[PDB]
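Novice: Pasting structure.tsv here (TSV, C-alpha atoms):
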```tsv
chain	number	residue	atom	x	y	z
A	1	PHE	CA	-35.20	138.37	52.58
A	2	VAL	CA	-38.39	138.09	50.44
A	3	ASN	CA	-40.44	134.89	50.88
A	4	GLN	CA	-41.62	131.73	49.07
A	5	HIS	CA	-43.56	134.06	46.74
A	6	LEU	CA	-40.15	134.89	45.19
A	7	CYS	CA	-37.98	131.91	46.25
A	8	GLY	CA	-40.16	129.36	44.42
A	9	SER	CA	-39.83	131.42	41.20
A	10	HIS	CA	-36.23	130.18	41.07
A	11	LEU	CA	-36.73	126.64	42.40
A	12	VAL	CA	-38.81	125.93	39.28
A	13	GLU	CA	-35.92	127.00	37.01
A	14	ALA	CA	-33.73	124.16	38.28
A	15	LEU	CA	-36.77	121.86	38.44
A	16	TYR	CA	-37.57	121.77	34.71
A	17	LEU	CA	-33.84	122.12	33.98
A	18	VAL	CA	-33.36	118.71	35.64
A	19	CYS	CA	-36.50	117.33	33.95
A	20	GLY	CA	-35.23	118.61	30.58
A	21	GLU	CA	-38.16	118.37	28.15
A	22	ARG	CA	-40.40	116.69	30.74
A	23	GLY	CA	-42.73	118.87	32.84
A	24	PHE	CA	-43.64	119.16	36.53
A	25	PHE	CA	-46.40	120.45	38.84
A	26	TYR	CA	-45.48	123.34	41.15
A	27	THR	CA	-47.87	124.02	44.05
A	28	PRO	CA	-46.59	126.63	46.58
A	29	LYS	CA	-49.29	125.71	49.11
A	30	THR	CA	-48.55	122.71	51.37
B	1	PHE	CA	-31.15	133.92	22.11
B	2	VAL	CA	-31.34	130.75	24.29
B	3	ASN	CA	-34.51	128.64	23.93
B	4	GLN	CA	-37.63	127.45	25.80
B	5	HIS	CA	-35.24	125.58	28.12
B	6	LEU	CA	-34.44	129.02	29.62
B	7	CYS	CA	-37.46	131.13	28.57
B	8	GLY	CA	-39.96	128.95	30.48
B	9	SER	CA	-37.85	129.34	33.65
B	10	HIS	CA	-39.14	132.93	33.75
B	11	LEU	CA	-42.69	132.36	32.48
B	12	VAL	CA	-43.33	130.31	35.64
B	13	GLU	CA	-42.26	133.24	37.86
B	14	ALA	CA	-45.15	135.37	36.60
B	15	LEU	CA	-47.42	132.30	36.51
B	16	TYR	CA	-47.44	131.55	40.25
B	17	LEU	CA	-47.13	135.30	40.93
B	18	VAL	CA	-50.57	135.70	39.32
B	19	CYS	CA	-51.88	132.57	41.07
B	20	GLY	CA	-50.56	133.90	44.40
B	21	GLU	CA	-50.72	131.01	46.87
B	22	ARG	CA	-52.42	128.70	44.34
B	23	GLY	CA	-50.23	126.37	42.24
B	24	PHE	CA	-49.98	125.41	38.56
B	25	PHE	CA	-48.68	122.65	36.27
B	26	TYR	CA	-45.84	123.58	33.90
B	27	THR	CA	-45.17	121.16	31.02
B	28	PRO	CA	-42.62	122.44	28.44
B	29	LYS	CA	-43.54	119.69	25.96
B	30	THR	CA	-46.57	120.35	23.73
C	1	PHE	CA	-33.73	131.42	52.17
C	2	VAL	CA	-32.01	129.06	49.66
C	3	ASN	CA	-28.19	128.84	49.89
C	4	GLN	CA	-24.97	129.61	47.98
C	5	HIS	CA	-26.14	127.05	45.39
C	6	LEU	CA	-28.62	129.75	44.27
C	7	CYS	CA	-27.06	132.97	45.64
C	8	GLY	CA	-23.85	132.58	43.59
C	9	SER	CA	-25.96	132.21	40.42
C	10	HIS	CA	-26.69	135.94	40.76
C	11	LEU	CA	-23.30	137.12	42.06
C	12	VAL	CA	-21.80	136.05	38.71
C	13	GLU	CA	-24.28	138.25	36.80
C	14	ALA	CA	-22.84	141.40	38.38
C	15	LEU	CA	-19.32	139.92	38.20
C	16	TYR	CA	-19.03	139.70	34.40
C	17	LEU	CA	-21.22	142.83	34.14
C	18	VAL	CA	-18.42	144.74	35.89
C	19	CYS	CA	-15.76	142.92	33.85
C	20	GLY	CA	-17.67	143.76	30.64
C	21	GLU	CA	-16.12	141.65	27.86
C	22	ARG	CA	-13.42	140.26	30.19
C	23	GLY	CA	-14.06	136.93	31.93
C	24	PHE	CA	-13.68	135.57	35.48
C	25	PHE	CA	-13.31	132.29	37.41
C	26	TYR	CA	-16.17	131.38	39.78
C	27	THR	CA	-15.43	128.66	42.35
C	28	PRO	CA	-18.20	128.17	44.98
C	29	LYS	CA	-15.94	126.00	47.16
C	30	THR	CA	-13.60	127.86	49.54
D	1	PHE	CA	-33.43	140.58	22.54
D	2	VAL	CA	-30.48	141.75	24.72
D	3	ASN	CA	-27.10	140.11	24.00
D	4	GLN	CA	-24.42	137.82	25.48
D	5	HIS	CA	-23.86	140.55	28.11
D	6	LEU	CA	-27.17	139.34	29.64
D	7	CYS	CA	-27.55	135.81	28.20
D	8	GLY	CA	-24.32	134.54	29.81
D	9	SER	CA	-25.55	135.79	33.22
D	10	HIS	CA	-28.02	132.88	33.11
D	11	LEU	CA	-25.81	130.26	31.42
D	12	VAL	CA	-23.57	130.38	34.50
D	13	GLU	CA	-26.52	129.59	36.80
D	14	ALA	CA	-27.00	126.18	35.17
D	15	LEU	CA	-23.22	125.77	34.83
D	16	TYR	CA	-22.36	125.70	38.55
D	17	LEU	CA	-25.73	124.02	39.21
D	18	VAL	CA	-24.46	121.04	37.19
D	19	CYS	CA	-21.01	121.29	38.80
D	20	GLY	CA	-22.65	121.38	42.25
D	21	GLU	CA	-19.93	122.40	44.72
D	22	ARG	CA	-17.22	122.38	42.02
D	23	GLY	CA	-16.39	125.65	40.24
D	24	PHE	CA	-15.88	126.77	36.63
D	25	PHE	CA	-14.23	129.53	34.56
D	26	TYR	CA	-16.57	131.78	32.55
D	27	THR	CA	-14.95	133.89	29.81
D	28	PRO	CA	-17.46	135.73	27.54
D	29	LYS	CA	-14.76	136.60	25.00
D	30	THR	CA	-13.94	133.91	22.41
E	1	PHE	CA	-28.47	136.17	52.08
E	2	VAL	CA	-27.39	139.11	49.84
E	3	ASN	CA	-29.06	142.48	50.54
E	4	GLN	CA	-31.42	145.10	49.05
E	5	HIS	CA	-28.74	145.65	46.37
E	6	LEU	CA	-29.92	142.31	44.90
E	7	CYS	CA	-33.43	141.89	46.41
E	8	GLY	CA	-34.78	145.08	44.77
E	9	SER	CA	-33.56	143.82	41.36
E	10	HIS	CA	-36.43	141.31	41.55
E	11	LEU	CA	-39.06	143.49	43.26
E	12	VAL	CA	-39.03	145.70	40.15
E	13	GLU	CA	-39.81	142.70	37.90
E	14	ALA	CA	-43.18	142.19	39.60
E	15	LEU	CA	-43.64	145.97	39.88
E	16	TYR	CA	-43.79	146.77	36.16
E	17	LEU	CA	-45.43	143.36	35.57
E	18	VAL	CA	-48.39	144.62	37.63
E	19	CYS	CA	-48.22	148.05	35.97
E	20	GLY	CA	-48.17	146.36	32.54
E	21	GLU	CA	-47.23	149.06	30.01
E	22	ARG	CA	-47.25	151.81	32.68
E	23	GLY	CA	-43.96	152.71	34.38
E	24	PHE	CA	-42.78	153.30	37.97
E	25	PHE	CA	-40.03	155.02	39.97
E	26	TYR	CA	-37.71	152.74	41.97
E	27	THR	CA	-35.58	154.43	44.65
E	28	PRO	CA	-33.66	151.99	46.92
E	29	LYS	CA	-32.79	154.75	49.41
E	30	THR	CA	-35.45	155.56	52.04
F	1	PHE	CA	-38.04	135.29	22.57
F	2	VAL	CA	-40.40	136.99	25.10
F	3	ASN	CA	-40.70	140.80	24.83
F	4	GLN	CA	-39.96	144.07	26.67
F	5	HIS	CA	-42.46	142.89	29.32
F	6	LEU	CA	-39.70	140.47	30.43
F	7	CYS	CA	-36.52	142.07	28.99
F	8	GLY	CA	-36.94	145.30	31.01
F	9	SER	CA	-37.22	143.22	34.22
F	10	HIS	CA	-33.48	142.56	33.83
F	11	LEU	CA	-32.40	145.96	32.46
F	12	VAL	CA	-33.44	147.47	35.81
F	13	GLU	CA	-31.16	145.06	37.72
F	14	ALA	CA	-28.06	146.54	36.07
F	15	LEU	CA	-29.60	150.02	36.22
F	16	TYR	CA	-29.76	150.37	40.02
F	17	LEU	CA	-26.59	148.24	40.26
F	18	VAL	CA	-24.76	151.05	38.44
F	19	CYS	CA	-26.60	153.70	40.48
F	20	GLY	CA	-25.67	151.85	43.69
F	21	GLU	CA	-27.76	153.40	46.48
F	22	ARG	CA	-29.24	156.04	44.15
F	23	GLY	CA	-32.59	155.33	42.46
F	24	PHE	CA	-34.01	155.63	38.93
F	25	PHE	CA	-37.33	155.91	37.05
F	26	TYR	CA	-38.22	153.01	34.74
F	27	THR	CA	-41.00	153.66	32.21
F	28	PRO	CA	-41.48	150.85	29.63
F	29	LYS	CA	-43.71	153.04	27.44
F	30	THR	CA	-41.94	155.38	25.00
G	1	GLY	CA	-43.73	119.45	50.64
G	2	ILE	CA	-41.35	120.78	47.96
G	3	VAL	CA	-41.01	124.54	48.44
G	4	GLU	CA	-40.26	124.49	52.18
G	5	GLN	CA	-38.03	121.47	51.42
G	6	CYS	CA	-35.88	123.08	48.69
G	7	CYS	CA	-36.28	126.77	49.56
G	8	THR	CA	-34.44	126.09	52.87
G	9	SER	CA	-31.04	125.01	51.50
G	10	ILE	CA	-31.64	123.61	47.97
G	11	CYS	CA	-32.64	119.95	47.42
G	12	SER	CA	-30.53	117.25	45.73
G	13	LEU	CA	-30.81	116.53	41.99
G	14	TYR	CA	-32.68	113.26	42.68
G	15	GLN	CA	-35.06	114.91	45.16
G	16	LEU	CA	-36.18	117.23	42.34
G	17	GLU	CA	-36.92	114.21	40.12
G	18	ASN	CA	-39.65	113.15	42.57
G	19	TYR	CA	-41.58	116.25	41.42
G	20	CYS	CA	-40.93	115.57	37.71
G	21	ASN	CA	-43.80	114.65	35.37
H	1	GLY	CA	-13.20	133.72	49.46
H	2	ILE	CA	-15.66	135.42	47.08
H	3	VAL	CA	-19.06	133.77	47.55
H	4	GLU	CA	-19.22	134.01	51.35
H	5	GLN	CA	-17.74	137.52	50.92
H	6	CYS	CA	-20.32	138.89	48.45
H	7	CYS	CA	-23.29	136.60	49.22
H	8	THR	CA	-23.44	138.15	52.74
H	9	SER	CA	-24.26	141.77	51.82
H	10	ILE	CA	-22.92	142.35	48.27
H	11	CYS	CA	-19.28	143.38	47.65
H	12	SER	CA	-18.07	146.73	46.28
H	13	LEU	CA	-17.49	147.28	42.55
H	14	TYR	CA	-13.69	147.23	43.04
H	15	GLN	CA	-13.83	144.07	45.18
H	16	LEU	CA	-15.41	142.28	42.20
H	17	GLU	CA	-12.54	143.41	39.95
H	18	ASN	CA	-10.14	141.30	42.06
H	19	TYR	CA	-11.93	138.24	40.64
H	20	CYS	CA	-11.85	139.56	37.05
H	21	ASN	CA	-9.74	137.82	34.39
I	1	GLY	CA	-16.40	128.59	22.65
I	2	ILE	CA	-19.03	128.21	25.39
I	3	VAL	CA	-21.26	131.30	25.31
I	4	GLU	CA	-22.00	131.28	21.58
I	5	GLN	CA	-22.35	127.49	21.94
I	6	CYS	CA	-24.93	127.46	24.77
I	7	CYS	CA	-26.49	130.92	24.31
I	8	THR	CA	-27.85	129.75	20.90
I	9	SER	CA	-30.17	126.94	22.05
I	10	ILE	CA	-28.82	125.69	25.41
I	11	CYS	CA	-26.09	123.01	25.59
I	12	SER	CA	-26.48	119.45	26.92
I	13	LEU	CA	-25.74	118.57	30.57
I	14	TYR	CA	-22.49	116.80	29.58
I	15	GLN	CA	-21.37	119.70	27.36
I	16	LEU	CA	-21.49	121.94	30.45
I	17	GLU	CA	-19.24	119.50	32.35
I	18	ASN	CA	-16.43	120.25	29.87
I	19	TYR	CA	-16.33	123.76	31.40
I	20	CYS	CA	-16.42	122.45	35.00
I	21	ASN	CA	-13.41	122.87	37.30
J	1	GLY	CA	-40.73	153.01	51.92
J	2	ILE	CA	-41.11	150.33	49.23
J	3	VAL	CA	-37.98	148.16	49.29
J	4	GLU	CA	-37.93	147.47	53.04
J	5	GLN	CA	-41.72	147.05	52.74
J	6	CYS	CA	-41.75	144.43	49.95
J	7	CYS	CA	-38.26	142.93	50.38
J	8	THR	CA	-39.36	141.62	53.82
J	9	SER	CA	-42.15	139.23	52.76
J	10	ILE	CA	-43.48	140.50	49.40
J	11	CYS	CA	-46.21	143.19	49.22
J	12	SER	CA	-49.78	142.73	47.96
J	13	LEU	CA	-50.73	143.39	44.32
J	14	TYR	CA	-52.53	146.63	45.29
J	15	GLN	CA	-49.62	147.83	47.44
J	16	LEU	CA	-47.42	147.71	44.32
J	17	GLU	CA	-49.94	149.88	42.42
J	18	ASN	CA	-49.18	152.74	44.84
J	19	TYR	CA	-45.71	152.88	43.26
J	20	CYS	CA	-47.08	152.71	39.69
J	21	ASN	CA	-46.74	155.70	37.33
K	1	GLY	CA	-49.90	125.14	24.45
K	2	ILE	CA	-48.57	127.58	27.07
K	3	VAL	CA	-44.82	127.96	26.53
K	4	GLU	CA	-44.93	128.66	22.79
K	5	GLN	CA	-47.97	130.86	23.56
K	6	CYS	CA	-46.36	133.07	26.24
K	7	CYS	CA	-42.67	132.70	25.31
K	8	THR	CA	-43.43	134.50	21.99
K	9	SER	CA	-44.55	137.90	23.34
K	10	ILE	CA	-45.87	137.32	26.88
K	11	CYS	CA	-49.51	136.29	27.51
K	12	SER	CA	-52.21	138.38	29.21
K	13	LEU	CA	-52.88	138.13	32.97
K	14	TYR	CA	-56.13	136.21	32.35
K	15	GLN	CA	-54.48	133.82	29.87
K	16	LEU	CA	-52.11	132.76	32.68
K	17	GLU	CA	-55.08	132.02	34.96
K	18	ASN	CA	-56.14	129.24	32.56
K	19	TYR	CA	-53.00	127.38	33.68
K	20	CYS	CA	-53.63	128.07	37.39
K	21	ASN	CA	-54.47	125.21	39.78
L	1	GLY	CA	-36.09	155.90	24.98
L	2	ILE	CA	-34.31	153.50	27.36
L	3	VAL	CA	-35.89	150.06	26.97
L	4	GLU	CA	-35.71	149.86	23.17
L	5	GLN	CA	-32.22	151.41	23.52
L	6	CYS	CA	-30.77	148.88	26.00
L	7	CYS	CA	-33.01	145.86	25.31
L	8	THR	CA	-31.52	145.68	21.77
L	9	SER	CA	-27.87	144.94	22.64
L	10	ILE	CA	-27.26	146.34	26.16
L	11	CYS	CA	-26.29	150.01	26.71
L	12	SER	CA	-22.94	151.30	28.02
L	13	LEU	CA	-22.34	151.94	31.73
L	14	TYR	CA	-22.48	155.73	31.19
L	15	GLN	CA	-25.66	155.51	29.09
L	16	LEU	CA	-27.38	153.94	32.12
L	17	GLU	CA	-26.27	156.86	34.32
L	18	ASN	CA	-28.45	159.18	32.22
L	19	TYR	CA	-31.46	157.35	33.71
L	20	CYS	CA	-30.08	157.51	37.28
L	21	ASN	CA	-31.81	159.62	39.95
```
Would you kindly transcribe this structure into structure tokens?
Specialist:
Amino acid sequence: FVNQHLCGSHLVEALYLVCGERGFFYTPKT
Amino acid sequence: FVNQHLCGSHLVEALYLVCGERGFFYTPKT
Amino acid sequence: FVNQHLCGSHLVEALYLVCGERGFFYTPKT
Amino acid sequence: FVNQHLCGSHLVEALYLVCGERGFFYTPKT
Amino acid sequence: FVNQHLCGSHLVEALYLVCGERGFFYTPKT
Amino acid sequence: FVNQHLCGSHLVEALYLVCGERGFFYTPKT
Amino acid sequence: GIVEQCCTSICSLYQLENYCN
Amino acid sequence: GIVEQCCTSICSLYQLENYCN
Amino acid sequence: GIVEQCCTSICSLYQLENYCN
Amino acid sequence: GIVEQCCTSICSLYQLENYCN
Amino acid sequence: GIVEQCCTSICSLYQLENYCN
Amino acid sequence: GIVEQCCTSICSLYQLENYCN
């Protein structure tokens, strides 16, 4: 089941994959 | 062999793992 | 929690790991 | 360094991520 | 949803990442 | 390119996948 | 904002662009 | 067929062979 | 064909579509 | 012991040290 | 700056803190 | 012993059993 501490580690993979060479800011703390 | 396009996807995992709840900015474009 | 869109990404890893050099068809759309 | 036996496990993740709900055939044996 | 058979595969990544060069024993069978 | 610090994180996945419910000792320090 | 939004059932390709730099 | 079958609690090694080429 | 083509330095988004179903 | 303890909601950095060699 | 620095042979735990928010 | 042996080009299924508990 894990939690965001491990789920976000994979959301970023698709994030910069969609951005390509661009970058992004990841903040797991709403 | 892949490239940064796939290597960075895993550098971020340890990045926010060290930051814990904090966040970080990932820009694969020096 | 994510969904099949991310769960299948890891089911394939063990799939071709069991097939070895063989290949397989992955269709996430029953 | 690993080899295709581990590199392909991650190429598929982006493959069906681009296909979305569609599927694809992965054969690591040219 | 998967199960420990796939969840533990990622718990080990952070395990030896915290141990650094040290090692650890992983037994998914309480 | 990364190094063993990241390569071993994925060797363990197939390790306990082959062991099934059994366990194993991973020591990245020959 | 983004984690709880995409970690629930994956976001759309465009939704991820909103967090692009 | 295969995703909902293995993404629930992992399939057996032989069950994965059925989807092998 | 696809592995040696994308496992070298990643393929483009369209190149992956050629292997889509 | 360790899986059911960290696979539920991640363990703390020190808790992982207990399983270090 | 950070990718070419850690994607070569992994960075140290403190080096990653420099990129923390 | 095991890392430098399998992290070079993957080990065989039986070779991994030697490190099983």
Novice: One number please: CA of residue 7 (chain J) to CA of residue 20 (chain F), in Å, one decimal.
Specialist: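 We find that CA of residue 7 (chain J) and CA of residue 20 (chain F) lie 16.8 Å from each other.
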Novice: Need to verify the contact set: region 3-10 of chain E, 9 Å, all atoms listed in the file, exclusion of same-chain residues closer than 5 positions in sequence. Can you return it as number ranges by chain?
Specialist: A: 1-2, 6; C: 10-11; E: 15, 26, 28; F: 9-10, 12-17, 20-21; H: 7-10; J: 3-4, 6-7
Novice: Could you tell me how far CA of residue 2 (chain I) lies from CA of residue 15 (chain L), in Å and to one decimal?
Specialist: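 Interatomic distance here is 28.3 Å.
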Novice: Using Å and a single decimal, report how far CA of residue 18 (chain A) sits from CA of residue 24 (chain C).
Specialist: 25.9 Å
